[PDB]
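For reference, work_9.pdb (PDB, C-alpha atoms):
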```pdb
ATOM      1  CA  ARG A   1      92.628  69.686 133.148
ATOM      2  CA  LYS A   2      91.947  71.750 136.381
ATOM      3  CA  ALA A   3      90.038  74.996 135.357
ATOM      4  CA  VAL A   4      91.035  78.160 137.138
ATOM      5  CA  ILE A   5      89.373  81.395 136.117
ATOM      6  CA  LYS A   6      91.730  84.331 136.550
ATOM      7  CA  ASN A   7      89.762  87.250 135.046
ATOM      8  CA  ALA A   8      86.250  87.457 133.759
ATOM      9  CA  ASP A   9      83.837  90.158 132.629
ATOM     10  CA  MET A  10      81.221  87.683 131.513
ATOM     11  CA  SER A  11      78.028  86.028 132.705
ATOM     12  CA  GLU A  12      78.321  82.939 134.942
ATOM     13  CA  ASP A  13      76.696  80.700 132.217
ATOM     14  CA  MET A  14      78.967  82.000 129.477
ATOM     15  CA  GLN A  15      82.042  81.492 131.689
ATOM     16  CA  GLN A  16      81.021  77.891 132.176
ATOM     17  CA  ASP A  17      80.447  77.459 128.475
ATOM     18  CA  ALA A  18      83.930  78.866 127.755
ATOM     19  CA  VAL A  19      85.418  76.294 130.107
ATOM     20  CA  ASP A  20      83.338  73.485 128.646
ATOM     21  CA  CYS A  21      84.202  74.479 125.118
ATOM     22  CA  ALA A  22      87.960  74.698 125.901
ATOM     23  CA  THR A  23      87.873  71.350 127.659
ATOM     24  CA  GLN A  24      86.328  69.762 124.534
ATOM     25  CA  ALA A  25      88.906  71.532 122.390
ATOM     26  CA  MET A  26      91.796  70.135 124.470
ATOM     27  CA  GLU A  27      90.342  66.647 124.175
ATOM     28  CA  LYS A  28      90.250  66.933 120.415
ATOM     29  CA  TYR A  29      93.519  68.810 119.630
ATOM     30  CA  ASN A  30      97.117  69.065 120.735
ATOM     31  CA  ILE A  31      98.136  72.124 118.684
ATOM     32  CA  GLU A  32      97.421  75.453 120.410
ATOM     33  CA  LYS A  33      96.280  77.174 117.203
ATOM     34  CA  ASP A  34      93.748  74.424 116.603
ATOM     35  CA  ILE A  35      92.424  74.535 120.172
ATOM     36  CA  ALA A  36      92.033  78.327 119.788
ATOM     37  CA  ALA A  37      90.271  77.950 116.461
ATOM     38  CA  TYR A  38      87.715  75.523 117.864
ATOM     39  CA  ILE A  39      86.848  77.770 120.763
ATOM     40  CA  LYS A  40      86.649  80.949 118.591
ATOM     41  CA  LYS A  41      84.474  79.248 115.960
ATOM     42  CA  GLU A  42      82.090  77.819 118.557
ATOM     43  CA  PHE A  43      81.735  81.170 120.279
ATOM     44  CA  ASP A  44      81.086  82.996 116.989
ATOM     45  CA  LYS A  45      78.345  80.472 116.195
ATOM     46  CA  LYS A  46      76.707  80.404 119.652
ATOM     47  CA  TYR A  47      77.133  84.070 120.729
ATOM     48  CA  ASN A  48      77.622  85.940 117.419
ATOM     49  CA  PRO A  49      80.846  87.207 115.970
ATOM     50  CA  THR A  50      83.474  88.472 116.483
ATOM     51  CA  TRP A  51      85.544  86.502 119.027
ATOM     52  CA  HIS A  52      89.285  86.032 119.303
ATOM     53  CA  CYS A  53      91.107  83.282 121.198
ATOM     54  CA  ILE A  54      94.699  82.800 122.392
ATOM     55  CA  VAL A  55      95.852  79.502 123.916
ATOM     56  CA  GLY A  56      99.359  79.092 125.295
ATOM     57  CA  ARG A  57     101.837  78.527 128.072
ATOM     58  CA  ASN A  58     103.820  81.752 127.722
ATOM     59  CA  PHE A  59     102.306  85.044 126.612
ATOM     60  CA  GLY A  60     101.191  88.474 127.674
ATOM     61  CA  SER A  61      98.305  90.333 126.133
ATOM     62  CA  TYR A  62      96.792  93.785 125.931
ATOM     63  CA  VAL A  63      93.398  93.849 124.257
ATOM     64  CA  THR A  64      90.098  95.775 124.248
ATOM     65  CA  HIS A  65      86.886  93.891 124.752
ATOM     66  CA  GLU A  66      83.152  94.488 124.617
ATOM     67  CA  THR A  67      81.454  94.694 128.018
ATOM     68  CA  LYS A  68      80.545  91.282 129.423
ATOM     69  CA  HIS A  69      82.615  89.433 126.820
ATOM     70  CA  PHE A  70      86.104  88.674 128.286
ATOM     71  CA  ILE A  71      87.532  85.658 130.055
ATOM     72  CA  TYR A  72      91.076  84.605 130.932
ATOM     73  CA  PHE A  73      91.513  81.162 132.483
ATOM     74  CA  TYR A  74      93.792  78.167 132.821
ATOM     75  CA  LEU A  75      93.231  74.498 132.069
ATOM     76  CA  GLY A  76      96.293  73.018 133.808
ATOM     77  CA  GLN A  77      99.330  75.118 132.834
ATOM     78  CA  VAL A  78      97.684  76.272 129.508
ATOM     79  CA  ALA A  79      96.188  79.789 129.550
ATOM     80  CA  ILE A  80      93.181  80.673 127.444
ATOM     81  CA  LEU A  81      92.197  84.266 126.543
ATOM     82  CA  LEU A  82      88.763  84.600 124.876
ATOM     83  CA  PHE A  83      87.069  87.871 124.083
ATOM     84  CA  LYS A  84      84.809  89.740 121.766
ATOM     85  CA  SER A  85      85.740  92.857 119.841
ATOM     86  CA  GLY A  86      83.946  93.504 116.544
TER      87      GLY A  86
ATOM     88  CA  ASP B   1     118.428  89.867 120.458
ATOM     89  CA  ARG B   2     115.783  91.677 118.622
ATOM     90  CA  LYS B   3     116.319  90.689 114.973
ATOM     91  CA  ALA B   4     112.947  90.955 113.191
ATOM     92  CA  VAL B   5     111.380  88.162 111.146
ATOM     93  CA  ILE B   6     107.887  88.659 109.643
ATOM     94  CA  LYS B   7     105.946  85.358 109.745
ATOM     95  CA  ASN B   8     102.628  86.449 108.302
ATOM     96  CA  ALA B   9     101.152  89.794 107.379
ATOM     97  CA  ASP B  10      98.114  91.413 105.827
ATOM     98  CA  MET B  11      99.439  94.945 106.164
ATOM     99  CA  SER B  12     101.194  97.600 104.121
ATOM    100  CA  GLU B  13     104.961  97.410 104.044
ATOM    101  CA  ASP B  14     105.348 100.740 105.786
ATOM    102  CA  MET B  15     102.943  99.773 108.581
ATOM    103  CA  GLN B  16     104.848  96.485 108.998
ATOM    104  CA  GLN B  17     108.043  98.481 109.490
ATOM    105  CA  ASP B  18     106.352 100.739 111.979
ATOM    106  CA  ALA B  19     105.108  97.676 113.910
ATOM    107  CA  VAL B  20     108.656  96.318 114.076
ATOM    108  CA  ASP B  21     110.069  99.678 115.179
ATOM    109  CA  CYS B  22     107.335 100.036 117.820
ATOM    110  CA  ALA B  23     107.943  96.549 119.199
ATOM    111  CA  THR B  24     111.689  97.208 119.247
ATOM    112  CA  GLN B  25     111.152 100.352 121.341
ATOM    113  CA  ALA B  26     108.712  98.429 123.575
ATOM    114  CA  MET B  27     111.270  95.733 124.266
ATOM    115  CA  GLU B  28     113.965  98.306 125.018
ATOM    116  CA  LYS B  29     111.680  99.830 127.680
ATOM    117  CA  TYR B  30     109.686  96.951 129.179
ATOM    118  CA  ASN B  31     110.738  93.582 130.581
ATOM    119  CA  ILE B  32     107.303  91.903 130.873
ATOM    120  CA  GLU B  33     105.401  90.591 127.815
ATOM    121  CA  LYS B  34     102.098  92.179 128.874
ATOM    122  CA  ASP B  35     103.721  95.591 129.122
ATOM    123  CA  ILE B  36     105.454  95.185 125.731
ATOM    124  CA  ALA B  37     102.012  94.287 124.293
ATOM    125  CA  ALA B  38     100.404  97.272 125.958
ATOM    126  CA  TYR B  39     102.924  99.717 124.561
ATOM    127  CA  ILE B  40     102.439  98.447 121.053
ATOM    128  CA  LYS B  41      98.631  98.319 121.241
ATOM    129  CA  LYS B  42      98.378 101.824 122.677
ATOM    130  CA  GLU B  43     100.757 103.320 120.083
ATOM    131  CA  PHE B  44      98.804 101.677 117.239
ATOM    132  CA  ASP B  45      95.423 102.885 118.602
ATOM    133  CA  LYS B  46      96.884 106.396 118.686
ATOM    134  CA  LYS B  47      98.454 106.380 115.230
ATOM    135  CA  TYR B  48      96.098 104.189 113.244
ATOM    136  CA  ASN B  49      92.825 104.576 115.256
ATOM    137  CA  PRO B  50      91.315 101.986 117.591
ATOM    138  CA  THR B  51      90.870  99.096 118.124
ATOM    139  CA  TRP B  52      94.108  97.089 118.175
ATOM    140  CA  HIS B  53      95.024  93.992 120.173
ATOM    141  CA  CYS B  54      98.501  92.658 120.888
ATOM    142  CA  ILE B  55      99.894  89.350 122.102
ATOM    143  CA  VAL B  56     103.577  88.946 122.975
ATOM    144  CA  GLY B  57     105.013  85.580 123.940
ATOM    145  CA  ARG B  58     107.159  82.538 123.429
ATOM    146  CA  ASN B  59     104.443  79.848 123.444
ATOM    147  CA  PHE B  60     100.965  80.459 122.100
ATOM    148  CA  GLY B  61      98.530  79.787 119.310
ATOM    149  CA  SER B  62      95.811  82.103 118.144
ATOM    150  CA  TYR B  63      92.717  82.304 116.083
ATOM    151  CA  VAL B  64      91.444  85.769 115.460
ATOM    152  CA  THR B  65      89.464  87.896 112.990
ATOM    153  CA  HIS B  66      91.066  91.043 111.688
ATOM    154  CA  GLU B  67      90.188  93.991 109.575
ATOM    155  CA  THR B  68      91.583  93.902 106.028
ATOM    156  CA  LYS B  69      95.150  95.169 105.855
ATOM    157  CA  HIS B  70      95.562  95.312 109.645
ATOM    158  CA  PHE B  71      97.269  92.086 110.750
ATOM    159  CA  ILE B  72     100.865  91.209 111.472
ATOM    160  CA  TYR B  73     102.563  88.294 113.130
ATOM    161  CA  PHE B  74     106.319  88.485 113.598
ATOM    162  CA  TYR B  75     109.278  87.593 115.826
ATOM    163  CA  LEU B  76     111.756  89.892 117.507
ATOM    164  CA  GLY B  77     114.473  87.550 118.558
ATOM    165  CA  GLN B  78     112.808  84.622 120.234
ATOM    166  CA  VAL B  79     109.578  86.473 121.143
ATOM    167  CA  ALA B  80     106.486  86.242 118.869
ATOM    168  CA  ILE B  81     104.233  89.292 118.441
ATOM    169  CA  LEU B  82     100.705  89.241 117.108
ATOM    170  CA  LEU B  83      99.169  92.658 116.374
ATOM    171  CA  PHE B  84      95.800  93.200 114.720
ATOM    172  CA  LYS B  85      92.796  95.465 114.455
ATOM    173  CA  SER B  86      89.223  94.353 115.163
ATOM    174  CA  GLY B  87      86.682  96.880 116.401
TER     175      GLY B  87
ATOM    176  CA  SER C   1      89.924  84.695 110.192
ATOM    177  CA  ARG C   2      93.333  83.208 110.631
ATOM    178  CA  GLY C   3      95.578  81.575 113.106
ATOM    179  CA  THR C   4      99.154  81.552 114.322
ATOM    180  CA  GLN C   5     101.337  79.070 116.172
ATOM    181  CA  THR C   6     104.712  79.776 117.840
ATOM    182  CA  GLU C   7     107.650  77.620 116.930
TER     183      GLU C   7
ATOM    184  CA  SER D   1      91.364  97.729 127.661
ATOM    185  CA  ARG D   2      93.271  95.319 129.862
ATOM    186  CA  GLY D   3      96.195  92.944 130.010
ATOM    187  CA  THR D   4      97.083  89.410 131.050
ATOM    188  CA  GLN D   5     100.376  87.708 131.754
ATOM    189  CA  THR D   6     101.112  83.981 132.134
ATOM    190  CA  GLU D   7     102.971  83.114 135.269
TER     191      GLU D   7
END
```
As structure tokens - that is how I would like this structure written.
Amino acid sequence: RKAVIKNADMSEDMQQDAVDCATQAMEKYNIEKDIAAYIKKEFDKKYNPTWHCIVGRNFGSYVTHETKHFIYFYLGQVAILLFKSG
Amino acid sequence: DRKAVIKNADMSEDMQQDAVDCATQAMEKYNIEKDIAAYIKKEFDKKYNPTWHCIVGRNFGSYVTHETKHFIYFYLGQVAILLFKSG
Amino acid sequence: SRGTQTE
Amino acid sequence: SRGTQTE
């Protein structure tokens, strides 16, 4: 649903790919873990390991990311955190 | 309500206990999930070397890659805590 | 690699 | 290092 990017340290093209990938994930799956897994696996394949993904309606995070590899965004009321470390 | 329930772990028993104790202190001090997470992450970086990552919440799924023996996922009361090392 | 899901 | 919080 409606994509709203909240934080990003990431190239414009990679941001758009994150959104596109999450949108495809949400089309395919209902379960948050499975949405997260799709996005993580696609990002590892396209942009090299190691990515981590959190998908949910209620959470806080504190993480450390590699430069230019962090995004936090909503699709509707579901928040998606996607970042590289490792 | 801060009763601890370990859901999944790849971690030594003593480090699991430390994670629970750390989260318990965090929740005594901080009201907001992000700040709870930050306390726990920072304490684990200090004690067990970087780089840790922490998620605290009531509704989320994850898919992550961790270093061997440095993953825990647990509840304190009704709040889920994911804590892991990568990097 | 592994995943979690809240109840 | 940085944090996020759902609203």
List every residue of chain D that has an atom at most 8 Å from any atom of chain B, giving for each one its closest atom pair and the distance in Å to one decimal, counting all atoms listed in the file, sorted by chain and then by ascending residue number, as JSON lines.
```
{"residue": "D:3", "atom": "CA", "partner": "B:34", "partner_atom": "CA", "distance": 6.1}
{"residue": "D:4", "atom": "CA", "partner": "B:34", "partner_atom": "CA", "distance": 6.1}
{"residue": "D:5", "atom": "CA", "partner": "B:34", "partner_atom": "CA", "distance": 5.6}
```
Pull C-alpha atoms from the residues just selected and write them as a CSV table (one decimal), in the frame of the given file.
```
chain,number,residue,atom,x,y,z
D,3,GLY,CA,96.2,92.9,130.0
D,4,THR,CA,97.1,89.4,131.0
D,5,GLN,CA,100.4,87.7,131.8
```
May I have a table of the residues of region 19-81 of chain B lying at most 9 Å from region 18-32 of chain A, giving each one's closest pair of atoms and their distance in Å to one decimal, counting only C-alpha atoms, ordered by chain and ascending residue number, as a tab-separated table?
```
residue	atom	partner	partner_atom	distance
B:59	CA	A:32	CA	8.8
B:60	CA	A:32	CA	6.4
B:61	CA	A:32	CA	4.6
B:62	CA	A:32	CA	7.2
```
Once you count only C-alpha atoms, what closest atom pair and distance in Å to one decimal does each residue of chain A within 12 Å of chain C have, with rows by chain and rising residue number, as JSON lines?
```
{"residue": "A:30", "atom": "CA", "partner": "C:5", "partner_atom": "CA", "distance": 11.8}
{"residue": "A:31", "atom": "CA", "partner": "C:5", "partner_atom": "CA", "distance": 8.1}
{"residue": "A:32", "atom": "CA", "partner": "C:5", "partner_atom": "CA", "distance": 6.8}
{"residue": "A:33", "atom": "CA", "partner": "C:5", "partner_atom": "CA", "distance": 5.5}
{"residue": "A:34", "atom": "CA", "partner": "C:3", "partner_atom": "CA", "distance": 8.2}
{"residue": "A:35", "atom": "CA", "partner": "C:3", "partner_atom": "CA", "distance": 10.5}
{"residue": "A:36", "atom": "CA", "partner": "C:3", "partner_atom": "CA", "distance": 8.2}
{"residue": "A:37", "atom": "CA", "partner": "C:3", "partner_atom": "CA", "distance": 7.2}
{"residue": "A:38", "atom": "CA", "partner": "C:3", "partner_atom": "CA", "distance": 11.0}
{"residue": "A:40", "atom": "CA", "partner": "C:1", "partner_atom": "CA", "distance": 9.8}
{"residue": "A:41", "atom": "CA", "partner": "C:1", "partner_atom": "CA", "distance": 9.6}
{"residue": "A:44", "atom": "CA", "partner": "C:1", "partner_atom": "CA", "distance": 11.3}
{"residue": "A:49", "atom": "CA", "partner": "C:1", "partner_atom": "CA", "distance": 11.1}
{"residue": "A:50", "atom": "CA", "partner": "C:1", "partner_atom": "CA", "distance": 9.8}
{"residue": "A:51", "atom": "CA", "partner": "C:1", "partner_atom": "CA", "distance": 10.0}
{"residue": "A:52", "atom": "CA", "partner": "C:1", "partner_atom": "CA", "distance": 9.2}
{"residue": "A:53", "atom": "CA", "partner": "C:3", "partner_atom": "CA", "distance": 9.4}
{"residue": "A:54", "atom": "CA", "partner": "C:4", "partner_atom": "CA", "distance": 9.3}
{"residue": "A:55", "atom": "CA", "partner": "C:5", "partner_atom": "CA", "distance": 9.5}
{"residue": "A:56", "atom": "CA", "partner": "C:6", "partner_atom": "CA", "distance": 9.2}
{"residue": "A:57", "atom": "CA", "partner": "C:6", "partner_atom": "CA", "distance": 10.7}
{"residue": "A:58", "atom": "CA", "partner": "C:6", "partner_atom": "CA", "distance": 10.1}
{"residue": "A:59", "atom": "CA", "partner": "C:6", "partner_atom": "CA", "distance": 10.5}
```
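CA of residue 69 (chain A) to CA of residue 58 (chain B) spans 25.7 Å [interatomic distance, one decimal].
Coordinates place CA of residue 60 (chain A) at a distance of 11.2 Å from CA of residue 31 (chain B).
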- Task: Using CA of residue 48 (chain A) and CA of residue 85 (chain A) as the two end points, give the distance in Å to one decimal.
- Result: 10.9 Å
- Message: Calculated over all atoms listed in the file, which of the candidates A:73, A:39, A:78, A:86 has the smallest distance to residue 9 (chain A)?
- Response: A:73
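The nearest approach to chain B among the residues A:70, A:17, A:64, A:43, with only C-alpha atoms taken into account, belongs to A:64.
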- Could you tell me which residues the PyMOL selection byres ((chain B and resi 66) around 8) grabs in this file, written as a PyMOL selection string? (chain B and resi 64-65+67-68+70-71+84-86) or (chain C and resi 1)
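For the structure in this document, the set picked by the PyMOL selection byres ((chain A and resi 8) around 7) is residues 6, 7, 9, 10, 70, 71 and 72 of chain A.
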